[PDB]
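Okay, structure first, notes after.
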Amino acid sequence: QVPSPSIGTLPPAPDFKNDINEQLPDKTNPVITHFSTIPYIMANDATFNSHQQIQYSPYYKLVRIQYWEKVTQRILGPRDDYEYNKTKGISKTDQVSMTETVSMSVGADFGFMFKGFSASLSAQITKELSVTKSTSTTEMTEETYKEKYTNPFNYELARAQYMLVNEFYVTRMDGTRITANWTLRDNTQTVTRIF
Amino acid sequence: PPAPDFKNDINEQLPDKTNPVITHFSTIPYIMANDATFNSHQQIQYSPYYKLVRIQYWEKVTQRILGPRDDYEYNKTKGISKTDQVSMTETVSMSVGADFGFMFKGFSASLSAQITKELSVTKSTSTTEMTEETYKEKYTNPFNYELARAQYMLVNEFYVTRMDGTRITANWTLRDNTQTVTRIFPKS
């Protein structure tokens with residue numbers, strides 16, 4: 001039988017458990033949250049030609065994984081500040097792969113850009129993945145930047161921030177990966193934990 | 001292999017990426033290789049060492065035909081993504097320093113001399129890991145005639161391999177933005 005990805009529920013970001021010193025997990029367990037079936041004419045397959053797609057993979061699966069990445073964690077002394085690295089967006093290789101395999105890319109607004117034949121299925125695919133159609137005219141980059149936090153209180157405070165990470169990948173009808181996982185770090189979706 | 005060029009046609013579209021070639025590899029012991037589908041016994045019996053493999057390929061940074069004296073701005077990428085930095089540390093205990101040398105973490109520091117020698121890479125002296133950055137770069141046609149210009153970047157990719165050749169990682173892409181070749185279409 002044609003396989004079906006197991007859909008999961010993304011749990012809430014890790015939190016503090018009555019401890020100031022508890023190290024919080026760096027990543028949380030990846031959970032398949034969505035997928036969407038696409039015709040073979042949209043999936044340029046590096047090891048499959050037109051003919052064998054038609055008889056062996058007339059459809060492909062576009063899968064969405066989600067998990068929480070720990071952006072940073074730190075204890076701060078009364079009223080102390082500090083800086084940390086924070087990464088947003090999707091890598092350059094990952095955007096070239098997505099555009100070359102399924103004719104898609106991520107725009108500067110975290111939406112999706114649909115190119116070629118892929119444009120006919122935009123409404124289906126944005127719905128089934130629960131992502132939105134981009135209105136941007138430039139592609140998202142990956143950017144690692146510095147972010148400062150100042151402890152506002154006059155007591156010691158642990159603080160950890162988590163970001164929502166997406167991973168996307170395409171798959172033959174029988175389930176064989178034809179790609180690596182394309183990573184998109186959504187910095188508009190962070191959870192902050194203090195104790 | 002040589003970077004693509006114009007020969008005698010101004011309008012030629014040049015390749016987006018050359019075909020990747022394997023240029024180096026270094027042998028590493030099973031113990032610094034986190035293999036997700038092998039236990040310690042299977043590694044020792046079936047892949048007592050792994051191959052860290054270095055690949056190279058030219059990537060067209062940009063191509064453009066400019067009218068007389070025309071300028072333009074284009075994208076350009078340096079470095080290595082956070083995911084790729086994170087995978088390399090989880091698999092082989094290494095990452096890329098800010099000076100494009102390799103940082104050896106954990107057991108890997110034992111063999112830094114062997115790996116950098118075998119891979120033809122350098123050991124980083126940096127205290128900071130390389131990131132990935134996309135920035136704009138400007139170019140202006142110096143001539144009062146039409147000019148086609150293409151710039152190529154030499155990209156490095158690294159991946160790990162069981163003794164028998166089985167791929168156990170994605171490709172880790174490193175773009176050193178100072179290793180470039182710049183071709184112009186009327187050369188003289």
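The chains in the structure tokens are called A, B, ... from first to last as shown; in each chain the residues are counted from 1, and the ligands are counted from 1 in the order shown.
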
With 10 Å as the cut-off and only C-alpha atoms counted, what is the closest atom pair between each nearby residue of chain A and chain B? Distances in Å to one decimal, ordered by chain and number, as a Markdown table.
| residue | atom | partner | partner_atom | distance |
| --- | --- | --- | --- | --- |
| A:87 | CA | B:82 | CA | 7.5 |
| A:88 | CA | B:82 | CA | 9.6 |
| A:90 | CA | B:81 | CA | 8.4 |
| A:91 | CA | B:81 | CA | 5.7 |
| A:92 | CA | B:77 | CA | 7.5 |
| A:93 | CA | B:173 | CA | 7.4 |
| A:94 | CA | B:81 | CA | 9.4 |
| A:140 | CA | B:134 | CA | 9.8 |
| A:141 | CA | B:134 | CA | 6.5 |
| A:142 | CA | B:133 | CA | 6.5 |
| A:143 | CA | B:133 | CA | 5.8 |
| A:144 | CA | B:131 | CA | 6.6 |
| A:145 | CA | B:131 | CA | 9.5 |
| A:179 | CA | B:170 | CA | 9.3 |
| A:180 | CA | B:170 | CA | 6.5 |
| A:181 | CA | B:170 | CA | 8.7 |
| A:182 | CA | B:83 | CA | 9.4 |
| A:183 | CA | B:83 | CA | 7.4 |
| A:184 | CA | B:83 | CA | 9.7 |
| A:185 | CA | B:82 | CA | 9.9 |

Written file, previous selection with C-alpha atoms, as a PDB file, in the first residue's frame:
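Okay, this is what ended up in part-v6.pdb:
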ATOM      1  CA  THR A  87      19.114  32.638  13.491  1.00  0.00           C
ATOM      2  CA  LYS A  88      16.155  33.367  11.181  1.00  0.00           C
ATOM      3  CA  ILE A  90      16.184  29.383   5.429  1.00  0.00           C
ATOM      4  CA  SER A  91      19.628  28.633   3.973  1.00  0.00           C
ATOM      5  CA  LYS A  92      20.689  29.385   0.417  1.00  0.00           C
ATOM      6  CA  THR A  93      21.229  25.732  -0.569  1.00  0.00           C
ATOM      7  CA  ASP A  94      17.790  24.901   0.873  1.00  0.00           C
ATOM      8  CA  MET A 140      13.970  34.695   2.379  1.00  0.00           C
ATOM      9  CA  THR A 141      17.634  34.470   3.379  1.00  0.00           C
ATOM     10  CA  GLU A 142      19.242  32.900   6.415  1.00  0.00           C
ATOM     11  CA  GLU A 143      20.516  35.458   8.886  1.00  0.00           C
ATOM     12  CA  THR A 144      22.252  34.969  12.222  1.00  0.00           C
ATOM     13  CA  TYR A 145      21.987  38.113  14.303  1.00  0.00           C
ATOM     14  CA  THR A 179      15.662  15.412  -0.997  1.00  0.00           C
ATOM     15  CA  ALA A 180      17.309  16.456   2.214  1.00  0.00           C
ATOM     16  CA  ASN A 181      15.294  18.326   4.849  1.00  0.00           C
ATOM     17  CA  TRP A 182      14.784  22.023   4.042  1.00  0.00           C
ATOM     18  CA  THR A 183      14.966  24.034   7.264  1.00  0.00           C
ATOM     19  CA  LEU A 184      13.006  27.231   7.940  1.00  0.00           C
ATOM     20  CA  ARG A 185      13.476  28.976  11.319  1.00  0.00           C
TER      21      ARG A 185
END

Residue 185 (chain B) surroundings by only C-alpha atoms, 6 Å radius, close-in-sequence under 6 positions cut, as a PyMOL selection string:
chain B and resi 6+10+148

Please measure the separation of CA of residue 91 (chain B) and CA of residue 67 (chain A), giving the value in Å to one decimal.
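So the two atoms, CA of residue 91 (chain B) and CA of residue 67 (chain A), lie 19.9 Å apart.
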
Have a look at CA of residue 27 (chain B) and CA of residue 49 (chain B) and let me know their distance in Å, one decimal.
6.4 Å

So that I can check the surroundings of residue 111 (chain A), please list as a list in words every protein, DNA and RNA residue that reaches within 7 Å of it, counting only C-alpha atoms and ignoring chain neighbours fewer than 2 positions away.
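Everything that qualifies: residues 106, 107, 109, 113, 131, 132, 133 and 134 of chain A.
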
Saved selection, atoms kept: N, CA and C atoms, as a PDB file, in the first residue's frame:
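Result file selection_37.pdb:
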ATOM      1  N   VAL A 106      10.506  30.167  -0.317  1.00  0.00           N
ATOM      2  CA  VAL A 106      10.013  30.925   0.827  1.00  0.00           C
ATOM      3  C   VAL A 106      10.305  32.406   0.602  1.00  0.00           C
ATOM      4  N   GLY A 107       9.267  33.241   0.700  1.00  0.00           N
ATOM      5  CA  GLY A 107       9.412  34.674   0.527  1.00  0.00           C
ATOM      6  C   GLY A 107       9.784  35.387   1.821  1.00  0.00           C
ATOM      7  N   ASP A 109       8.243  37.164   3.660  1.00  0.00           N
ATOM      8  CA  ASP A 109       7.160  37.204   4.633  1.00  0.00           C
ATOM      9  C   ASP A 109       6.821  35.828   5.212  1.00  0.00           C
ATOM     10  N   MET A 113       6.189  30.957  -2.231  1.00  0.00           N
ATOM     11  CA  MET A 113       6.092  31.407  -3.613  1.00  0.00           C
ATOM     12  C   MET A 113       5.957  30.191  -4.522  1.00  0.00           C
ATOM     13  N   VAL A 131       0.443  26.687   5.692  1.00  0.00           N
ATOM     14  CA  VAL A 131       1.290  27.840   5.448  1.00  0.00           C
ATOM     15  C   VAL A 131       0.523  28.761   4.508  1.00  0.00           C
ATOM     16  N   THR A 132       0.980  29.993   4.394  1.00  0.00           N
ATOM     17  CA  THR A 132       0.259  30.985   3.613  1.00  0.00           C
ATOM     18  C   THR A 132       0.993  31.252   2.307  1.00  0.00           C
ATOM     19  N   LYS A 133       0.237  31.726   1.327  1.00  0.00           N
ATOM     20  CA  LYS A 133       0.826  32.145   0.064  1.00  0.00           C
ATOM     21  C   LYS A 133       1.567  33.458   0.270  1.00  0.00           C
ATOM     22  N   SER A 134       2.855  33.468  -0.054  1.00  0.00           N
ATOM     23  CA  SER A 134       3.633  34.694   0.025  1.00  0.00           C
ATOM     24  C   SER A 134       3.037  35.791  -0.852  1.00  0.00           C
TER      25      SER A 134
END

Tell me, which residues of region 22-182 of chain A carry DSSP alpha helix (DSSP H), written as a PyMOL selection string?
chain A and resi 50-56+92-101+122-129

Measure the distance from CA of residue 123 (chain A) to CA of residue 47 (chain A) in Å and round it to one decimal.
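According to the coordinates, CA of residue 123 (chain A) and CA of residue 47 (chain A) are separated by 28.7 Å.
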
Under the rule that only C-alpha atoms are counted, which of A:189, A:124, A:55, A:50 is the nearest residue to residue 36 (chain A)?
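Comparing A:189, A:124, A:55, A:50 against residue 36 (chain A), the winner is A:124.
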
Contacts of region 74-84 of chain A at 9 Å (only C-alpha atoms; same-chain gap of 3+ positions) as a PDB file with N, CA and C atoms, in the first residue's frame:
ATOM      1  N   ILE A  20      15.960  26.833  38.856  1.00  0.00           N
ATOM      2  CA  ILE A  20      16.653  27.885  38.120  1.00  0.00           C
ATOM      3  C   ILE A  20      17.829  27.321  37.323  1.00  0.00           C
ATOM      4  N   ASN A  21      18.347  26.158  37.718  1.00  0.00           N
ATOM      5  CA  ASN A  21      19.553  25.601  37.126  1.00  0.00           C
ATOM      6  C   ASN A  21      19.284  24.502  36.117  1.00  0.00           C
ATOM      7  N   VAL A  71      16.854  28.742  21.398  1.00  0.00           N
ATOM      8  CA  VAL A  71      17.654  29.841  20.861  1.00  0.00           C
ATOM      9  C   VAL A  71      18.847  30.100  21.763  1.00  0.00           C
ATOM     10  N   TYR A 145      21.858  36.759  13.803  1.00  0.00           N
ATOM     11  CA  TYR A 145      21.987  38.113  14.303  1.00  0.00           C
ATOM     12  C   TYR A 145      22.137  38.088  15.810  1.00  0.00           C
ATOM     13  N   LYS A 146      22.544  39.230  16.346  1.00  0.00           N
ATOM     14  CA  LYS A 146      22.717  39.386  17.780  1.00  0.00           C
ATOM     15  C   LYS A 146      21.464  40.008  18.380  1.00  0.00           C
ATOM     16  N   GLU A 147      21.082  39.505  19.552  1.00  0.00           N
ATOM     17  CA  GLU A 147      19.914  39.983  20.281  1.00  0.00           C
ATOM     18  C   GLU A 147      20.319  40.185  21.730  1.00  0.00           C
ATOM     19  N   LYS A 148      20.008  41.355  22.283  1.00  0.00           N
ATOM     20  CA  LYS A 148      20.317  41.656  23.672  1.00  0.00           C
ATOM     21  C   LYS A 148      19.088  41.439  24.548  1.00  0.00           C
ATOM     22  N   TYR A 149      19.310  40.896  25.741  1.00  0.00           N
ATOM     23  CA  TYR A 149      18.281  40.860  26.763  1.00  0.00           C
ATOM     24  C   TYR A 149      18.843  41.448  28.044  1.00  0.00           C
ATOM     25  N   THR A 150      18.052  42.293  28.690  1.00  0.00           N
ATOM     26  CA  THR A 150      18.382  42.839  29.992  1.00  0.00           C
ATOM     27  C   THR A 150      17.404  42.294  31.016  1.00  0.00           C
ATOM     28  N   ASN A 151      17.937  41.786  32.106  1.00  0.00           N
ATOM     29  CA  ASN A 151      17.115  41.404  33.231  1.00  0.00           C
ATOM     30  C   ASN A 151      16.483  42.655  33.827  1.00  0.00           C
ATOM     31  N   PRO A 152      15.150  42.753  33.877  1.00  0.00           N
ATOM     32  CA  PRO A 152      14.530  43.956  34.454  1.00  0.00           C
ATOM     33  C   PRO A 152      14.454  43.937  35.962  1.00  0.00           C
ATOM     34  N   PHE A 153      14.528  42.767  36.581  1.00  0.00           N
ATOM     35  CA  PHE A 153      14.277  42.633  38.005  1.00  0.00           C
ATOM     36  C   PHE A 153      15.575  42.671  38.786  1.00  0.00           C
ATOM     37  N   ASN A 154      15.460  43.052  40.057  1.00  0.00           N
ATOM     38  CA  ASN A 154      16.595  43.142  40.976  1.00  0.00           C
ATOM     39  C   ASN A 154      16.817  41.835  41.733  1.00  0.00           C
ATOM     40  N   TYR A 155      16.534  40.706  41.082  1.00  0.00           N
ATOM     41  CA  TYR A 155      16.830  39.375  41.594  1.00  0.00           C
ATOM     42  C   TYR A 155      17.314  38.500  40.444  1.00  0.00           C
ATOM     43  N   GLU A 156      17.836  37.321  40.781  1.00  0.00           N
ATOM     44  CA  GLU A 156      18.416  36.458  39.763  1.00  0.00           C
ATOM     45  C   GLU A 156      17.323  35.729  38.996  1.00  0.00           C
ATOM     46  N   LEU A 157      17.553  35.553  37.698  1.00  0.00           N
ATOM     47  CA  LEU A 157      16.507  35.127  36.780  1.00  0.00           C
ATOM     48  C   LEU A 157      17.116  34.232  35.714  1.00  0.00           C
ATOM     49  N   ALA A 158      16.602  33.011  35.608  1.00  0.00           N
ATOM     50  CA  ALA A 158      16.899  32.168  34.461  1.00  0.00           C
ATOM     51  C   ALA A 158      15.952  32.521  33.322  1.00  0.00           C
ATOM     52  N   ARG A 159      16.470  32.482  32.100  1.00  0.00           N
ATOM     53  CA  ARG A 159      15.669  32.790  30.927  1.00  0.00           C
ATOM     54  C   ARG A 159      16.109  31.906  29.777  1.00  0.00           C
ATOM     55  N   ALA A 160      15.147  31.262  29.117  1.00  0.00           N
ATOM     56  CA  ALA A 160      15.428  30.469  27.928  1.00  0.00           C
ATOM     57  C   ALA A 160      14.402  30.787  26.848  1.00  0.00           C
TER      58      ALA A 160
END

Write down as a compact mmCIF listing (two decimals) with N, CA and C atoms, in the first residue's frame the residues belonging to region 3-185 of chain B that are assigned strand (DSSP E) by DSSP computed on the backbone.
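Output file selection_38.txt follows:
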# COMPACT_ATOMS: atom_id res chain seq x y z
N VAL B 21 32.71 17.34 -8.06
CA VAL B 21 33.79 16.37 -8.12
C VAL B 21 34.32 16.13 -6.71
N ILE B 22 34.69 14.88 -6.41
CA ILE B 22 35.30 14.54 -5.13
C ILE B 22 36.80 14.85 -5.20
N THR B 23 37.30 15.68 -4.28
CA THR B 23 38.71 16.06 -4.34
C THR B 23 39.55 15.52 -3.19
N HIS B 24 38.97 15.33 -2.00
CA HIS B 24 39.71 14.79 -0.87
C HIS B 24 38.80 13.93 0.00
N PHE B 25 39.42 13.07 0.79
CA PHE B 25 38.73 12.45 1.91
C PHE B 25 39.74 12.13 3.00
N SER B 26 39.24 12.03 4.22
CA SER B 26 40.04 11.71 5.39
C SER B 26 39.34 10.58 6.13
N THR B 27 40.12 9.62 6.62
CA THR B 27 39.57 8.49 7.33
C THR B 27 39.50 8.81 8.80
N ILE B 28 38.35 8.55 9.41
CA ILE B 28 38.15 8.87 10.82
C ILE B 28 37.66 7.63 11.56
N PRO B 29 38.02 7.46 12.84
CA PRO B 29 37.64 6.24 13.56
C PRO B 29 36.15 6.23 13.91
N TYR B 49 36.11 2.34 10.40
CA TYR B 49 36.37 3.73 10.12
C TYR B 49 35.32 4.25 9.13
N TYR B 50 35.19 5.57 9.11
CA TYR B 50 34.31 6.29 8.21
C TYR B 50 35.15 7.26 7.37
N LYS B 51 34.57 7.70 6.26
CA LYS B 51 35.23 8.60 5.33
C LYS B 51 34.55 9.96 5.38
N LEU B 52 35.29 10.99 5.79
CA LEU B 52 34.81 12.36 5.66
C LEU B 52 35.26 12.86 4.30
N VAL B 53 34.30 13.21 3.44
CA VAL B 53 34.53 13.39 2.01
C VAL B 53 34.40 14.87 1.64
N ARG B 54 35.34 15.37 0.83
CA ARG B 54 35.32 16.76 0.41
C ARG B 54 35.02 16.84 -1.08
N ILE B 55 34.00 17.62 -1.42
CA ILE B 55 33.54 17.81 -2.78
C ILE B 55 33.68 19.29 -3.14
N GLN B 56 33.85 19.57 -4.43
CA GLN B 56 34.01 20.94 -4.92
C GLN B 56 33.22 21.14 -6.21
N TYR B 57 32.64 22.33 -6.35
CA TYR B 57 31.89 22.69 -7.55
C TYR B 57 31.72 24.20 -7.62
N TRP B 58 31.87 24.75 -8.82
CA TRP B 58 31.62 26.17 -9.06
C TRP B 58 30.13 26.48 -9.06
N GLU B 59 29.78 27.60 -8.43
CA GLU B 59 28.43 28.14 -8.38
C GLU B 59 28.44 29.56 -8.95
N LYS B 60 27.71 29.77 -10.05
CA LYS B 60 27.53 31.10 -10.61
C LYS B 60 26.92 32.04 -9.56
N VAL B 61 27.70 33.02 -9.12
CA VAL B 61 27.20 34.02 -8.18
C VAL B 61 26.15 34.89 -8.85
N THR B 62 26.43 35.34 -10.07
CA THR B 62 25.55 36.21 -10.84
C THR B 62 26.03 36.26 -12.28
N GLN B 63 25.11 36.56 -13.18
CA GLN B 63 25.41 36.82 -14.58
C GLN B 63 24.46 37.92 -15.02
N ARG B 64 24.95 38.79 -15.89
CA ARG B 64 24.18 39.96 -16.29
C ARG B 64 24.85 40.57 -17.51
N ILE B 65 24.05 41.05 -18.44
CA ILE B 65 24.54 41.85 -19.55
C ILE B 65 24.18 43.29 -19.23
N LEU B 66 25.18 44.17 -19.20
CA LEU B 66 24.96 45.56 -18.85
C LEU B 66 25.15 46.44 -20.06
N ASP B 71 25.19 50.07 -14.00
CA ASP B 71 25.47 49.42 -12.72
C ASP B 71 24.33 48.49 -12.33
N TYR B 72 24.55 47.66 -11.30
CA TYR B 72 23.48 46.89 -10.67
C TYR B 72 23.96 46.21 -9.40
N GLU B 73 23.00 45.84 -8.56
CA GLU B 73 23.26 45.20 -7.28
C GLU B 73 22.75 43.76 -7.33
N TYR B 74 23.48 42.84 -6.68
CA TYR B 74 23.08 41.43 -6.72
C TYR B 74 23.41 40.74 -5.41
N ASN B 75 22.77 39.60 -5.22
CA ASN B 75 22.94 38.83 -4.00
C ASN B 75 24.22 38.00 -4.06
N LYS B 76 24.74 37.71 -2.88
CA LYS B 76 25.98 36.98 -2.76
C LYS B 76 25.97 36.36 -1.37
N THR B 77 26.41 35.10 -1.28
CA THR B 77 26.31 34.35 -0.05
C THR B 77 27.68 33.91 0.40
N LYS B 78 27.92 34.05 1.69
CA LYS B 78 29.15 33.63 2.34
C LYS B 78 28.78 32.68 3.47
N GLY B 79 29.63 31.69 3.70
CA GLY B 79 29.57 30.92 4.92
C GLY B 79 28.85 29.59 4.82
N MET B 94 32.81 18.42 14.68
CA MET B 94 33.56 19.50 14.05
C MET B 94 32.60 20.59 13.65
N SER B 95 33.15 21.80 13.44
CA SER B 95 32.41 22.91 12.85
C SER B 95 33.40 23.79 12.10
N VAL B 96 32.88 24.83 11.44
CA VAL B 96 33.68 25.75 10.64
C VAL B 96 33.89 27.03 11.44
N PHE B 102 38.69 24.74 10.21
CA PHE B 102 37.85 23.78 10.92
C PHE B 102 38.17 23.80 12.40
N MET B 103 37.13 23.75 13.22
CA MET B 103 37.27 23.57 14.65
C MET B 103 36.98 22.12 15.00
N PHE B 104 37.85 21.52 15.82
CA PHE B 104 37.73 20.12 16.20
C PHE B 104 37.32 20.02 17.66
N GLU B 132 26.06 31.90 8.04
CA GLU B 132 25.75 32.17 6.64
C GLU B 132 25.12 33.55 6.52
N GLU B 133 25.51 34.27 5.48
CA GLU B 133 25.06 35.64 5.28
C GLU B 133 24.88 35.90 3.80
N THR B 134 23.75 36.49 3.44
CA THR B 134 23.49 36.95 2.09
C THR B 134 23.47 38.46 2.09
N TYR B 135 24.33 39.05 1.27
CA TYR B 135 24.50 40.49 1.18
C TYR B 135 24.45 40.90 -0.27
N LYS B 136 24.21 42.20 -0.47
CA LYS B 136 24.20 42.79 -1.80
C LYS B 136 25.61 43.22 -2.20
N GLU B 137 25.90 43.07 -3.48
CA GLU B 137 27.16 43.54 -4.04
C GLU B 137 26.87 44.32 -5.31
N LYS B 138 27.56 45.45 -5.48
CA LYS B 138 27.34 46.33 -6.62
C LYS B 138 28.45 46.15 -7.65
N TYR B 139 28.08 46.28 -8.93
CA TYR B 139 29.03 46.27 -10.04
C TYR B 139 28.60 47.31 -11.05
N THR B 140 29.58 47.98 -11.66
CA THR B 140 29.34 49.00 -12.68
C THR B 140 30.17 48.68 -13.92
N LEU B 147 28.38 44.79 -22.05
CA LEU B 147 29.26 43.90 -21.32
C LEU B 147 28.42 42.84 -20.64
N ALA B 148 28.76 41.57 -20.88
CA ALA B 148 28.21 40.47 -20.11
C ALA B 148 29.24 40.02 -19.09
N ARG B 149 28.81 39.86 -17.84
CA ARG B 149 29.69 39.52 -16.73
C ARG B 149 29.09 38.38 -15.94
N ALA B 150 29.91 37.38 -15.63
CA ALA B 150 29.50 36.28 -14.77
C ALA B 150 30.57 36.07 -13.72
N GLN B 151 30.16 35.93 -12.46
CA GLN B 151 31.10 35.63 -11.39
C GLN B 151 30.79 34.25 -10.84
N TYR B 152 31.83 33.45 -10.66
CA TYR B 152 31.70 32.11 -10.13
C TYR B 152 32.37 32.01 -8.76
N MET B 153 31.76 31.24 -7.86
CA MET B 153 32.33 30.93 -6.56
C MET B 153 32.62 29.44 -6.45
N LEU B 154 33.78 29.10 -5.90
CA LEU B 154 34.17 27.71 -5.70
C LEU B 154 33.57 27.23 -4.38
N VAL B 155 32.60 26.34 -4.46
CA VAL B 155 31.89 25.88 -3.27
C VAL B 155 32.47 24.53 -2.82
N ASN B 156 32.60 24.37 -1.51
CA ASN B 156 33.02 23.12 -0.89
C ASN B 156 31.84 22.46 -0.20
N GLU B 157 31.74 21.15 -0.35
CA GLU B 157 30.75 20.37 0.39
C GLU B 157 31.43 19.19 1.05
N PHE B 158 30.98 18.89 2.27
CA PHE B 158 31.52 17.79 3.06
C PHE B 158 30.40 16.83 3.47
N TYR B 159 30.70 15.53 3.44
CA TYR B 159 29.74 14.55 3.94
C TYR B 159 30.49 13.32 4.45
N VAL B 160 29.80 12.53 5.27
CA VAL B 160 30.38 11.38 5.94
C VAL B 160 29.76 10.11 5.37
N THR B 161 30.53 9.03 5.44
CA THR B 161 30.33 7.82 4.66
C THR B 161 30.82 6.64 5.47
N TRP B 172 27.20 19.20 3.51
CA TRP B 172 27.43 20.40 4.31
C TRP B 172 28.10 21.46 3.42
N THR B 173 27.36 22.52 3.09
CA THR B 173 27.79 23.48 2.08
C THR B 173 28.54 24.65 2.72
N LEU B 174 29.74 24.93 2.21
CA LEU B 174 30.59 26.02 2.69
C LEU B 174 30.97 26.92 1.52
N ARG B 175 30.52 28.19 1.55
CA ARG B 175 30.78 29.17 0.49
C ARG B 175 31.80 30.21 0.98
N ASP B 176 33.04 30.05 0.54
CA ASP B 176 34.09 31.01 0.80
C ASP B 176 34.01 32.07 -0.29
N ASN B 177 33.54 33.26 0.06
CA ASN B 177 33.24 34.29 -0.93
C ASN B 177 34.48 34.99 -1.49
N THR B 178 35.68 34.64 -1.03
CA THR B 178 36.89 35.18 -1.63
C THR B 178 37.52 34.23 -2.66
N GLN B 179 37.00 33.02 -2.82
CA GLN B 179 37.45 32.11 -3.88
C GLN B 179 36.53 32.26 -5.09
N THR B 180 36.78 33.31 -5.88
CA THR B 180 35.91 33.62 -7.00
C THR B 180 36.69 33.71 -8.30
N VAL B 181 35.98 33.51 -9.41
CA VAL B 181 36.50 33.80 -10.74
C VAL B 181 35.50 34.70 -11.45
N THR B 182 35.97 35.80 -12.04
CA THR B 182 35.10 36.78 -12.67
C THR B 182 35.38 36.82 -14.16
N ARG B 183 34.38 36.44 -14.96
CA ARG B 183 34.48 36.38 -16.41
C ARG B 183 33.78 37.58 -17.04
N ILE B 184 34.42 38.22 -18.02
CA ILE B 184 33.74 39.26 -18.81
C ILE B 184 33.76 38.88 -20.29

Long-range neighbours of residue 61 (chain A) as a list in words, 10 Å cut-off, only C-alpha atoms, 2 positions minimum in chain
residues 3, 4, 5, 35, 36, 37, 38, 39, 40, 43, 59, 63, 64, 169, 170, 171, 172, 173, 174, 175, 176 and 177 of chain A
